[PDB]
Amino acid sequence: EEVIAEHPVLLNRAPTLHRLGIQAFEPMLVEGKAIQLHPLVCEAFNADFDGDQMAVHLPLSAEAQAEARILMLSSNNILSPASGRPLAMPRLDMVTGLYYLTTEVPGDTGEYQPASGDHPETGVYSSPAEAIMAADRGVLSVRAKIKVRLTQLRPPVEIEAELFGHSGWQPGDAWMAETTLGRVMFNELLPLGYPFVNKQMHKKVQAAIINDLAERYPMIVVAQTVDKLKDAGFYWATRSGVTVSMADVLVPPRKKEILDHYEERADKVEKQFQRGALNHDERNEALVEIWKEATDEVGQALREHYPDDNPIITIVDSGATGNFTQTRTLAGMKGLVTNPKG
Amino acid sequence: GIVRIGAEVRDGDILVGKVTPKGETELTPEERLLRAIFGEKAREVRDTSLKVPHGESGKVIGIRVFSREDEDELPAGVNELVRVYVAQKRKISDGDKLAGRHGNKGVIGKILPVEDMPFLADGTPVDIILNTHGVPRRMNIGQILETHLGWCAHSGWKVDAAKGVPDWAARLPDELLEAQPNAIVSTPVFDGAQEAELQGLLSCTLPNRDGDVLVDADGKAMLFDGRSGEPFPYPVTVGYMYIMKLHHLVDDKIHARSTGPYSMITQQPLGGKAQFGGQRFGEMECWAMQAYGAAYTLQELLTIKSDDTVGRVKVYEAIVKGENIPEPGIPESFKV
Amino acid sequence: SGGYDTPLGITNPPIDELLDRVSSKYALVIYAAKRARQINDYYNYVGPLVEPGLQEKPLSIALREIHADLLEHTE
Amino acid sequence: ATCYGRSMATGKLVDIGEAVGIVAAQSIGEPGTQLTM
Amino acid sequence: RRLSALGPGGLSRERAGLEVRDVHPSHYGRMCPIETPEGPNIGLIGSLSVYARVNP
Amino acid sequence: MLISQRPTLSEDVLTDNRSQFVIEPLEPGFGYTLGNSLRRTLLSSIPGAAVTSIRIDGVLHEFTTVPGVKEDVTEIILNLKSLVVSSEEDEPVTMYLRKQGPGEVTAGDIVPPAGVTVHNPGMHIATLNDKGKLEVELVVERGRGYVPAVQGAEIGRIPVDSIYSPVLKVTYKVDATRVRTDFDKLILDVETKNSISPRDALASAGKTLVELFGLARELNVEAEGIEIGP
Amino acid sequence: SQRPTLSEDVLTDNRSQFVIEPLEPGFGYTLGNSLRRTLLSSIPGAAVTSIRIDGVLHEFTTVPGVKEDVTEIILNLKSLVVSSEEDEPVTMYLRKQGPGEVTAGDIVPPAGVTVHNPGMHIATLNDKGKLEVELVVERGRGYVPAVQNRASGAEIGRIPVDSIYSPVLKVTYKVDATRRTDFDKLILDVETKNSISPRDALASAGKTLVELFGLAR
Amino acid sequence: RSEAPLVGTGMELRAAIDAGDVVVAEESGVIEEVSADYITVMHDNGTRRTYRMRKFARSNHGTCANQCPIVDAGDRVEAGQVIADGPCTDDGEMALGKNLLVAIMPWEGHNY
Amino acid sequence: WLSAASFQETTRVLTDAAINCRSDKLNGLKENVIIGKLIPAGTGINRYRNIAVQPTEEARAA
RNA sequence: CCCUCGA
Ligand SMILES: [Mg+2]
């Protein structure tokens, strides 16, 4: 542990498709026989954990060690050298964490509801610490819309212009935000003095925030930010409730009627074929048009039937992982299949 | 000179002592001094014993030896042959490969204490945690369906069948109308348990020893976070799944070399764990190193870490003596 | 430098403040590595110029030196 | 440097020694496996 | 139970096109369309189907 | 069986009312067995005084508006909740705040009845314009943790949220260091009020927890893991 | 504020529930879990360290006339539950000639150490089978894998064995939350392995927890 | 220790038997003797038959081929019955893994 | 010719290079890679390779 | 080099 300290090592994963396929790290001695690989560098290596292996190289000379620390260190290589955009961004579980943390739920526990009659509004909190204590009891939901007095978070450009000077603000200046406690915590992950983002953190929105940080803040700032985002995304993905069961794979209710309709059309086309009116290639062409359309309608009637909080829908629509034609083949229908000839 | 049956052996332990005739010119000056002083008239030899390879350990299960003195079929010039058999009891570990039957492979990220695992309402800690994000896009919900059936068979069921047998159970089930705990059932491919029948069994699941139904009619369950104690806020699918230990284990795969054998033709490190080889820093790797502009790392990798036969020794010597690493020489493979 | 989390290990001193002291990352590599060679030769030829850690590698000392502007360079 | 622009990896203007040919070849090749018919 | 496409008298690996590796409609009930390697031997190594038998 | 004694406890004081405590090295797993427990004892189990309800004369019909004050009613409640108070009475106590004229009202601007104290007297509560006047009644009680609005027919009595707990925010993290790289290291980040230092908060929590687990030890005093140094 | 009380409730000879009330709201789960995590991990016990079998020099072999190989015998010896007060290595012996079952009851323990499940199956012997075993028992806690023969000074005959010291079997809890004076009632449920009683294990967990929480005080 | 799957198909058993690593009775009889080392069945013929057990043999790939008797002395066995389990068999069926209690959920990124 | 022969069509390139008595200036990076010299890129450029490092008189005093 | 396998 004495000699290992601060001596960087290079990690490589083949195939090295670009220079970020080799990155330097500081080694922590670990128990066991496996290399532990920070989850945010996977994208760069195209590494998953289904059995991938990686190579370790020890720089010896002062020059090689310095090139490792300076040129090749992982946190100095956050941005893709091909597109100039960041790559060490929250990817799947992290996404579902943050998307769950920053979504606003109408009617959730402890929601702000304005003063009606003799009753006060019962949704306002003197500090985020008070909202934390509320959520310790079963009183406040992390995703419930509330009002909080914020002190250490910069207000939105519009709120800050209204209630202060255009750039006038300080860590002391308090203000009133109608947000969720989750979005308070998210923004507390971002750097001090970044305009408060009151949005559900779809992957695209997180990409926007991190692109802006990389454009306007030093590298180390983006690196510490995405580390904090990682921590929160994992902790909240665990508690997000995204699981799979045969129950959550809802089937489209109109599926029989839709498919019978397009079979009616296909029977018309085949009766038209035997009559001699359609060439064989034209028969297959009309059949493929019909069945593309039926598959599309089945996919639609599926999307119309899924509640927006189903774990399959959530996982796809947050941008965490997957796409919707996968959901359509899972529940719904596979559709048309290719030939050995294509 | 053979290791004794039943010995525990670690890295580098002699398994069979052997010596090879060496020749006086190949004695080191220290070996020559020692042999002269103490009047060792024994033939000069070098140690060519069979040792235990790096990272291997176990119990000597059996020794088998064939001799030329005895009438034993041996290849030409071969005098004595001996096989030591070593047995290791490998536990499951971080880095081992597991998989179900539905292409659902992973390596083990962490083995948690029993108290850290999420556990059911009766204290039963779950055995394995499979990430949700991995299932839907690989199109293998067989693994989920199995899980459901795995739970049912583990708990046992009894369909009502009072006031008639239900509709979902009408088609197939017959003597599958009930099952004792840890029952053994078969889902033949393309003729197995239908979806409705599967959902039906999830209702009539028998309880545990306290009359508690731990898994609801969706296949989900309330789990407590063993780390904090607070319950996880949402019902998690739990059940029983057949998991296999795939023959891709860390013990076989971990490998590291500071320094070792070299190929006689090229003077570059040998290849492969078995030969105590060095990793191949290939062409695309050198492109990566060039694109960084990491010139000295690239040179050092390509001269003193493989090919420079004097710089190798002078570099190990420098590191051992605590001084700066010297300047590379010429790669032997260029002269080749 | 204001409000920033104090970096840990290799990521300290931060590379932006170090790149303020040199023209390009390559210049900094050579700067620090040549200073580090000097430091390690000293233990067997000036320096170290800052308080060395308990058991600090000479390159870490050289980097902290470059951060505190305790040495000069030309190209 | 000025004609090339910023180094995409660093965000700042490209440093005087950069081997941008290899970075260019790598940037073009890396997604090549995505190109289908 | 394997059926291998390479070997002396068979076809060579440099001549292993893509169409010899496809699932062929005549494989039904004879060569399993699922069990085959993912890497360079895909479609060159199959395994006999459960009820299949080789004739004289 | 045999015992290990090494765990120690150190403190880095970030601000006068915020400290980080490290407990290390703990035998593996114990960082989490006393991470969450210490935290919830710190939050909900330390007794403290806070406001339960206020009455503001001058406006009882239309809530969330006050004449002659630039501050909303909701903002006045948000301020009065952040008023740090300590009291010795086992019964509710009443304070009164009255100040007129254009100016700025603060926390010391209130007259504390006997026994109770106002620890943040320079805390801004409201600003008054010309012809401005404030007369408002505050109820202080003893309690623990955080209880929401606890609600009669007395026209004009606004119940508030009671931040009884002297401590404000607590987080914890478990890291790894050992003799073995897997023993647990607990790190508690505790930020309190002006009533007590983080030190005293941690000590009172340790006291309540020692009593609580002594309840269990009492079943049959017997063999368990011991230390040499405390 | 009423002082909290802990009241036991026996279910079987090796299972007890433990009601603790009143507790602060939201606090029951954490308290029960601190107890569960201590019970599962840190309750002292005794177990077998190593064994020595007559004609065998290593694990991977058979004894004549016995049905189970030595690996299967050791696996059966994993289920063995035992107590010891000697806190220093002590030896049990097992001599038996077939035909017949060798159960744990056939083990001859020294004074101070006790075999608790005599019915447990160890091996099956026939006409030609004779089993002659020595079993070292020590006192420890947790799960300690087989101690290597080079760590101890052990000679080639000794077969080290994985040691499951923990005498507690299964621990759970539930809280009843009353929610204006709100409170939490905690209900711990502890089942042991006949080596000790739920009450004794919980007392041990409480001692460990008291001595560890006295640190902040 | 091998453990057949709670959930299987009809194929496990018939794949173990035909694979050959399982010891099967050539003819009906009674188990005259059983040891870890071998198994003797006395046919109704009057003839005996003894199957020696492969004990901790090394496979071509380094896995342990260890046959284990599953019959008891006095037992009646018919021709075609499995007498001893092989490396990945349990009572005659192919048992390649274990039945594990699984939870489907993210857990703090350790299963990321 | 070294760069060409190591890339592709080695026999042809080498026959021609022989006929033409080609002399490789050894200035490309790949060529420098092959022989073991610091590549003319990044830290291997003379601008950076030959930096002179010494403390300041002020810091050398204290 | 080839064979079978791994990402
Ligand atoms: Mg992979």
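This deposited entry lists X-ray crystallography as its structure determination method and 2.800 Å as its resolution.

Named according to the PDB entry, chain H is DNA-directed RNA polymerase subunit beta originating from Mycobacterium tuberculosis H37Rv. The title attached to this entry in the PDB is "Mycobacterium tuberculosis initial transcription complex comprising sigma H and 5'-OH RNA of 7 nt".

The name given to chain G in the PDB entry is DNA-directed RNA polymerase subunit alpha, with the source organism recorded as Mycobacterium tuberculosis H37Rv. The record held by UniProt for chain G lists under Catalytic activity the comment "RNA(n) + a ribonucleoside 5'-triphosphate = RNA(n+1) + diphosphate". As stated in UniProt under Sequence similarities, the record for chain G gives "Belongs to the RNA polymerase alpha chain family."

### Structural notes on the interface of chain B and chain A
Between chain B and chain A, the contact holds 53 residues from the first and 50 residues from the second. Counting across the interface, chain B meets chain A through four salt bridges. Between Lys220(B) and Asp248(A) there is a salt bridge, with its nearest N and O atoms 3.1 Å apart. At the boundary of chain B and chain A, one finds 21 residue pairs in polar contact. When contributions to the side of chain B that touches chain A are tallied by element, the ones reaching two or more residues are β9 (105-107), α2 (142-155), α3 (195-201), β15 (236-245), α4 (250-253), α5 (283-292), α6 (295-302) and α7 (309-321) of chain B. If one sorts the elements of the side of chain B that touches chain A by residue count, α5(B) sits on top with six residues.

### Some remarks on the arrangement of the chains
When the 19 pairs of chains in contact are compared, the highest contact count belongs to chains A and B. Separating chain E from chain G is a minimum C-alpha gap of 33 Å, and the two share no contact. The closest approach of any C-alpha atom in chain H to one in chain I is 36 Å; the two make no contact.

### Observations concerning the coordination of the magnesium ion
Residues and elements named next belong to chain A. Coordination of the magnesium ion by the protein comes from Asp48 (OD), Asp50 (OD), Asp52 (OD) and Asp52 (OD), over a distance range of 2.0 to 2.7 Å. Residue class for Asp50 comes out partly exposed when judged on its relative accessible area of 23%. Exposure remark for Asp52: the relative accessible area of 24% places this residue in the partly exposed category.

### Some points on the state of the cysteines
The full count for this structure, using the stated rule, is zero disulfides over all chains. Looking at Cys68(H), it has no disulfide partner, and the nearest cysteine sulfur is the one in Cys64(H), 8.8 Å off.

### Observations regarding the packing of aromatic side chains
The tally for this structure, following the rule as stated, stands at 15 aromatic pairs over all chains. The interplanar angle of 80 degrees and the centroid separation of 5.5 Å between the aromatic rings of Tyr235(A) and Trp236(A) together place this pair among those described as edge-to-face. An aromatic cluster is present here, built from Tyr100(A), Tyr235(A), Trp236(A) and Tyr234(B) joined pairwise through their rings. Against the face of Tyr235(A) rests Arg239(A), its NZ or CZ located 3.7 Å from the ring centre. Of note, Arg257(B) hangs over the ring of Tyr262(B), and the distance from its end group to the ring centre comes to 5.1 Å.

### Things to note about the pattern of salt bridges
Counting across every chain of the model gives 71 salt bridges over all chains. Ionic pairing is found between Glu63(A) and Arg37(C), a salt bridge with its closest N-O pair at 2.7 Å. Of the two residues, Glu63(A) is situated in helix α2 (residues 62-72) and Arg37(C) in helix α2 (residues 25-42); the pairing between them involves two chains. Judged by its relative accessible area of 7%, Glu63(A) falls in the buried class. Its salt-bridge partner being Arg283(A), residue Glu270(A) comes within 2.9 Å of it at the nearest N-O pair. Placement of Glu270(A) in helix α9 (residues 255-274) and of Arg283(A) in helix α10 (residues 280-303) is noted, with a sequence separation of 13 residues between them. Given a relative accessible area of 28%, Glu270(A) falls into the partly exposed group. Here the salt bridges do not stand alone but share partners, grouping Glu130(A), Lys81(F) and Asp161(F) into one network.

### Digging into the protein's contact with RNA strand J
Close to RNA strand J lie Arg13(A), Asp48(A), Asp50(A), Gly51(A), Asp52(A), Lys97(B), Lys105(B), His248(B), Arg13(E), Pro37(E), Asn41(E) and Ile45(E). Among atoms of RNA strand J positioned within 4 Å of the protein, sugar and phosphate together represent 100%. Contact distances for RNA strand J include 3.1 Å between a sugar or linking oxygen and a side-chain N or O atom of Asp50(A). Measuring from a phosphate oxygen of RNA strand J, one finds a side-chain N or O atom of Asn41(E) at 2.7 Å. Of the residues that constitute the surface near RNA strand J, the class distribution is two nonpolar, three polar and seven charged.

Criteria and cut-off values
- Residues numbered from 1 in each chain as written, not as in the entry; some residues may be left out.
- Chains lettered and ligands numbered in written order.
- Part of a larger assembly, values for the part shown.
- Heavy atoms only, no water.
- Residues with missing side-chain atoms left out of burial classes, pairs and counts.
- UniProt positions renumbered as here; feature names shortened; annotations may be inferred.
- Contact = heavy atoms within 4.5 Å.
- Salt bridge = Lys/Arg side-chain N within 4 Å of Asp/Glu carboxyl O.
- Polar contact = N/O pair within 3.5 Å; in protein donor to acceptor, adjacent residues only side chain to side chain.
- Helix = DSSP H or I, 4+ residues; strand = E, 2+ residues; numbered from the N terminus.
- Donors = N, O, S within 2.8 Å, 3.2 Å for Na, K, Ca; no water.
- Buried < 20%, exposed > 50% of the residue type's maximum accessible area, 1.4 Å probe, protein only.
- Disulfide = S-S within 2.5 Å.
- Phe/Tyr/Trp six-rings, centres within 6.5 Å; stacked < 30°, edge-to-face > 60°.
- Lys NZ or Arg CZ within 6 Å of the ring centre and 35° of its normal.
- Near = heavy atom within 4 Å.
- Nonpolar A, V, L, I, M, F, W, Y, C, P; charged D, E, K, R; others polar.

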